[PDB]
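Worksheet: the structure to be examined is printed underneath.
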Amino acid sequence: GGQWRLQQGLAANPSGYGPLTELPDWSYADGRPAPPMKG
Amino acid sequence: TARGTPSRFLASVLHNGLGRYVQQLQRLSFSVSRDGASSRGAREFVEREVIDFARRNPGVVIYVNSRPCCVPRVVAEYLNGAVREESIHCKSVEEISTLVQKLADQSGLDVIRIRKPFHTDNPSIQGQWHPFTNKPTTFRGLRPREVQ
Amino acid sequence: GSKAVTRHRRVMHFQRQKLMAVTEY
Amino acid sequence: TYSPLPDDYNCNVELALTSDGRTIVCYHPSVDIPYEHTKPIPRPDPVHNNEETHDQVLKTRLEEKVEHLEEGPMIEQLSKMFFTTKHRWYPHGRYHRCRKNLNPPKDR
Amino acid sequence: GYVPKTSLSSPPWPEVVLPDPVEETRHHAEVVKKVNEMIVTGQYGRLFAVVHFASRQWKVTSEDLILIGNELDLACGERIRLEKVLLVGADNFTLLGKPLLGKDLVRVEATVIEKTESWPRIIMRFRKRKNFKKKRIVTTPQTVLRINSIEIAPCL
Amino acid sequence: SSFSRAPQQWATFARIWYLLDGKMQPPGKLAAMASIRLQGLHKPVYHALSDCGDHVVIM
Amino acid sequence: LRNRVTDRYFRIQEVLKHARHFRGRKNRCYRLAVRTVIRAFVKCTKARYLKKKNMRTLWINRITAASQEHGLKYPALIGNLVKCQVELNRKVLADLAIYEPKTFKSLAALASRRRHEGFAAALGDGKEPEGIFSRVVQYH
Amino acid sequence: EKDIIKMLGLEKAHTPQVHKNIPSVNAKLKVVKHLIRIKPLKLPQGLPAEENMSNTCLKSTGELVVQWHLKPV
Amino acid sequence: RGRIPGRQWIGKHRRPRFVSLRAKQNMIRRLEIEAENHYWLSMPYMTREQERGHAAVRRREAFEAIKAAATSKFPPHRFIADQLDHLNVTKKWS
Amino acid sequence: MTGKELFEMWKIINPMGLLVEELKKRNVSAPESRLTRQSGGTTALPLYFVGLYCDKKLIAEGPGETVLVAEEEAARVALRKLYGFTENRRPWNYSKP
Ligand SMILES: [Mg+2]
């Protein structure tokens, strides 16, 4: 269920829109930023 | 199907990620014909990019037998002893380059079914669950329907 | 196919029955 | 005080919240078993095989545990001891045994 | 407002009360301070984490193996730092939480080893009495990863 | 825990008896719990091919 | 005959290599082996959704069994987990319930506390605390 | 109705789309109201300028935010 | 014991299908959404008489572009480089 | 050594003797065995849990089919906990100083 999140402003699907999709997944160890994916 | 082909597990050959990473590929025996219209890609590869491919990783030895044949083949041996022989019959230079790069990136494991893509050696940390978990102990462990 | 007026009541459509059941007094 | 779960079995969880508001911290120490919730282990020291005339008579009698039966009563005894069905104690055909993976892969 | 104690007067569930909010916040502060002290004094070992990598939530622990279904455009032998940490904790204490944890809290280090595709799968369609039959062989690329160690900083 | 392999497996996969008393009790609610505990719908290691059936003694 | 078939046995072997573990005459009769292999491949292709549904139902059953053993239910647990801003799928929950019981008990306690706070806020129509562990984080 | 849906640019389901507020599009929406969902669009701040183009978001409940970040408050 | 006549969905004597609670809740929520749509579609802006030709220029430009793209259909160019480098099939170690 | 058990590479004979020797080296009296939990004592598949108590304090616990193997497993767990080579130990740091 994801209807409760519709009243707060985070849509209903956690796999899209939020800090779990637009945030880069992996990165380098020295500190270089990873290139964003084409999606 | 999976019930007709054998399977294996996902594991390392000798723990490469823990200590240090070593090159799994060893030798690359190429068989390029002298005359023919079926090994043009292999000929152009050996002409232009085999030097760069040999200088990219010093742990891979490239053998060019140059035997007059009809179907150009390549032999790739790994540390575990697996020998995967594929044919580059009528292929471009980019295709052969991608193929040899994929062969150098992979190891000697079989290309069969993966069977459980995740593998861990220490699965239990906070104690493996048992049927006696989440059950409080009574006084002196007295079983029910007793007198003492 | 039956006519519009018959004697055996003739059960209505599923959507019509749902609409009549959701719009009761 | 208040407790969401009874702190008398398995583990003792203690809920908490960080004052920052971006993470949840919980401290749950392990719970052991007290001494008043255990029973002494019985020691069945049965000895009814020695006498006065001989000494190796008990060693001779120790080799007297042998019993032979057919198939029906044997399967019935196995089913009544292991609480299983009698259908699993029958042999299987060779077609269902030659295709058996004698060397299956092992994990961990 | 007074009602006699019958069978349907009182609810079946026990009436649960809530403690003082100030005392609850004080207890939470004491607990997180004790956790920070136990972390800074070194009393943990063999920790696991739930890293949301490639839209797949794995049980990233010490010395493990994971497999994805694509590539990473990286060479074999480079260290990979994984983010998106939502749950972590060794023994006797765990950390969670709101979408993610902090970037300076958990530092997961991974390393790519093997880059192989997959077994030749078969996708076949068929229909009865219609002369319909399709067949393909899909070989998707994959990437084998291995997480070295997971560090934790006592900056709560 | 720090257990080995065979003792750990024997402690994990093991048959556990249960006692379900009757007397002024509906048979449906008792049979439901009995079948749930026989099939294994009360343990996280539930599986159809694992054969994790327990024992229920209803008196 | 001119340029007739000279490599038909290779096609027969290519078709029969997928029928080397069947019972009856299906592993020898090519006319039946073709249909058998066709149906086998069709079912193997169509059973992906069935496998996914079976795995999901198994995970749900494991989570429900763990919640019943701890002292809660499955719908209430799912609701309290989705109302606490924590995104954990069924696989990691089952893995924790099977291997790491301490964190699962902590999650169950957090879920029970969140459910109690929600019931208190519903009965009070809240005003002032509205739950200590609540307070959603705003991401702009 | 299929033609109206295809002309309004609503091929896939659960896909947002913005039209005008004129009697023509009003009638086109009243035709397929039993197939789609009508929701207004409000702007909390101003219109996205030329520099605020690659940094935008639709958000929920129809709130076209001009500055979308990945950091909490 | 009770037998149903020919096809329990078509014909005269059919097996009646009834309504439960999920269908009622779905109909209620759909009617609420449709009433909200009716409310939001009860207010214009230009009142028809203020849009005699505001975006006709864009439509005309798009139509002209589509016409120019549809009337510019021609076979691709033919070069000699392909016919010359096709001779490299029988290339030796040169 | 990753994932391998300690005594699988040691292969001892009498864990109780070495355990009581280490306890005497740690100024401890003598351990005694107590039956914690049990399930099925008359069936063909028995299960027992023996907990070693030292001065009214539990130190470890070991399962088993009978009582002898359970006490042996408990002694092995106690000896592995006294040596610090358990499953919750610090993993080897494969890095450079
Ligand atoms: Mg009929």
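Numerical summary
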quantity: 29 Å Cα-Cα reach of I:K92 towards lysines, excluding residues that sit fewer than 8 places from it in its own chain; calculated: B:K91, B:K102
quantity: Cα radius of gyration and Dmax for chain F (Å); calculated: 14.2, 46
quantity: Rounded FRET efficiency, nearest 0.05, which uses the C-beta distance separating A:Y28 from D:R88 and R0 of 45 Å; calculated: 0.20
quantity: Partners for G:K17 among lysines (Cα-Cα distance below 24 Å; same-chain residues under 8 apart left out); calculated: D:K100, E:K133, E:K134, E:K135, G:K26, G:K43, G:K46
quantity: Residues B:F9, J:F49 arranged by fewest to most Cβ contacts within 10 Å; calculated: B:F9, J:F49
quantity: Distance between modelled label sites at E:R136 and F:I58, nm, 7 Å Cα→Cβ extension; calculated: 5.3
quantity: J:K96/G:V137 FRET efficiency (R0 41 Å; Cβ-Cβ; nearest 0.05); calculated: 0.60
quantity: Cα coordinate range in chain D, projected on the principal axes (Å, largest first); calculated: 80, 57, 28
quantity: Furthest towards positive pole of dipole, J:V67, J:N93, J:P15, structure part chain J, Cβ charges; calculated: J:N93
quantity: Placed amide H near B:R84: partners under 5 Å, 5+ positions off or other chain; calculated: B:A76
quantity: Distant-in-sequence amide H partners of E:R81 (H built 1.01 Å from N, under 5 Å); calculated: A:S27, A:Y28, A:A29, E:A110
quantity: Principal-axis tilt of helix F:27-39 within chain F, Cα atoms, nearest 10 degrees; calculated: 10
quantity: E:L74-G:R31 pseudo-label distance in nm [points 7 Å out on the Cα-to-Cβ vector]; calculated: 5.9
quantity: Residue mean of other protein chain beta carbons inside 10 Å, J:83-92; calculated: 6
quantity: Kirkwood estimate for chain E, i.e. one over the average of 1/r between Cα atoms, Å; calculated: 20.6
quantity: At 0.692 mPa s and 37 °C, Stokes diffusion of the protein assembly as shown via Kirkwood alpha-carbon radius, µm² per second; calculated: 92
quantity: 5 angstrom amide H check on E:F93, placed H, neighbours 5+ away; calculated: D:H28
quantity: More than 16 angstrom apart: percent of Cα pairs within chain I; calculated: 83
quantity: Overall form of chain B per C-alpha gyration tensor (a/c, 1.5; a/b vs b/c); calculated: prolate
quantity: Angle between chain I longest axis and helix I:56-70 axis [Cα atoms, degrees, rounded to 10]; calculated: 50
quantity: Of G:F133, G:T45, G:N27, farthest towards positive along the dipole that unit charges on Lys, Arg, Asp, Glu beta carbons give chain G; calculated: G:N27
quantity: For G:56-67, mean number of other protein chain Cβ atoms within 10 Å; calculated: 3
quantity: Neighbour-count ranking [beta-carbon atoms within 10 angstrom, fewest first] of A:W26, E:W58; calculated: A:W26, E:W58
quantity: Efficiency of FRET from Cβ geometry, G:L16 and B:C70, R₀ 25 Å, rounded to 0.05; calculated: 0.30
quantity: Simple Cβ-charge dipole of chain G, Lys/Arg +1 and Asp/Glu -1, about Cα centre, in debye nearest 20; calculated: 2000
quantity: Label point distance in nm, A:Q7-G:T57, each placed 7 Å from Cα along Cα→Cβ; calculated: 3.3
quantity: Candidates E:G69, E:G102, E:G42, ranked by Gaussian network fluctuation over chain E, Cα under 10 Å, top entry; calculated: E:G42
quantity: Proxy reagent accessibility, fewest Cβ within 10 Å first, across J:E71, D:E71; calculated: D:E71, J:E71
quantity: Sum of -39500 (n - 2.57) over DSSP H runs of 4+, divided by residues of chain G (222 nm, nearest 500); calculated: -22500 deg cm²/dmol
quantity: Taking chain G and dividing mean pair separation by its residue count, relative contact order in percent (alpha carbons under 8 Å, at least six apart); calculated: 15
quantity: 3J(HN,Hα) from dihedral phi, the range E:15-23, Karplus parametrisation 6.51/-1.76/1.60, rounded to Hz, x for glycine, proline; calculated: 5, 9, 9, 10, x, 5, x, 5, 5
quantity: Value at 222 nm in deg cm²/dmol, rounded to 500, when DSSP H runs of n ≥ 4 in chain I each add -39,500 (n - 2.57); calculated: -13500 deg cm²/dmol
quantity: Note, ³J(HN,Hα) from phi for the range F:43-54, Karplus 6.51, -1.76, 1.60, rounded to Hz, x at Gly and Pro; calculated: 10, x, 9, 6, 7, 6, 9, 7, 6, 9, x, 9
quantity: Cut-off 15 Å, label 7 Å out along Cα→Cβ of H:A13, residues of the range H:30-45 by amide N; calculated: H:35-37
quantity: Peptide B:134-144 - average C-beta neighbours from other chains (10 Å radius); calculated: 6
quantity: For the protein assembly as shown, with +1 on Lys and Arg beta carbons and -1 on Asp and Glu, the positive-most of I:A81, E:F132, E:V106 along the dipole; calculated: E:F132
quantity: In Hz, Karplus ³J(HN,Hα) per residue of the range G:106-116 (6.51, -1.76, 1.60; θ = phi - 60°; x = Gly, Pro); calculated: 5, 5, 5, 5, 4, 5, 5, 5, 5, 5, 5
quantity: Angle in degrees between helix J:15-25 and the longest Cα principal axis of chain J, rounded to the nearest 10; calculated: 70
quantity: Space enclosed by the convex hull of the alpha-carbon atoms of chain G, per residue, Å³; calculated: 230
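Just so you know, all these numbers are worked out from the coordinates, no wet-lab data involved. With ideal geometry, Cβ positions are generated from the backbone for all residues, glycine too; neighbour counts draw on all protein chains shown.
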